[PDB]
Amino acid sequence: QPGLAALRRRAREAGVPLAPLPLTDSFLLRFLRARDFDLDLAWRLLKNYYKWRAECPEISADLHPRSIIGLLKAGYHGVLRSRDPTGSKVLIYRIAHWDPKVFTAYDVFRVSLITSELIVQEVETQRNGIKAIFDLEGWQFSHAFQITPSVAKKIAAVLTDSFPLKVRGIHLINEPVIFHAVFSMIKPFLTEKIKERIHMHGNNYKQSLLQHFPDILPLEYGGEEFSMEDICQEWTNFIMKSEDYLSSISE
């Protein structure tokens, strides 16, 4: 593929972390595909990926699911079986199922990093990106307390140029008034392209959400074929089964 050997050589010359994550063709292609084979942009992304991991060890060091298995079992997250019409993988996060008295913002962030490291293995997802739906129903001030300026900047970094996944859309639904101050904290760090891709649906989201995700949503959101619990169980099992791959990319 165009630029693969050049990207490997740069990484080697720059002395990027020896291991884990050998510089296989499959690994490097994630970076080239995320940036449409633009070598310089792929290289910037690769360096940023390593930078972010080194700067956020609380989240990145151990990707084994044992630290967040309770959060998965609580029903916080699921991945749809089907892709959207543009081929993006679709992720669902439910704030009401995150108990901030038990899990920190770092733990919750780790869930997304685990899912992201798993789904990036799919070439269709490297090509078509992802969309994430956050159901903010139940957002509390106790969740907001966990979103410090540091965490806000880390969120903005992975959405923009620190992880090899194209964020094609972020859909916030059921956002309560009190969430505005939290989003305002993240906003200053986002690129214009990402801000343009964050949709605020509000409390009457059904029609608008279905327009973006026809025929693939769970029953809870207007879908008609399966439930959120079905997808949360299916994804949690897959994460559990992937514990050793996650171990191999852990440190």
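Residues carry their position along the shown sequence, with the first being 1.
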*Which is higher on average in the deposited entry, the C-alpha temperature factors of 214-222 or of 23-31?*
214-222
*Mean C-alpha B-factor higher for 120-128, or for 176-184?*
176-184
*With respect to C-alpha B-factor, does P149 fall in the lowest, middle or highest third of the chain as deposited?*
middle
*In terms of the CA temperature factor given in the entry, to which third of its chain does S227 belong: lowest, middle or highest?*
highest
*Please rank the C-alpha B-factors of the chain's modelled residues and tell me whether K101 sits in the lowest, middle or highest third.*
highest
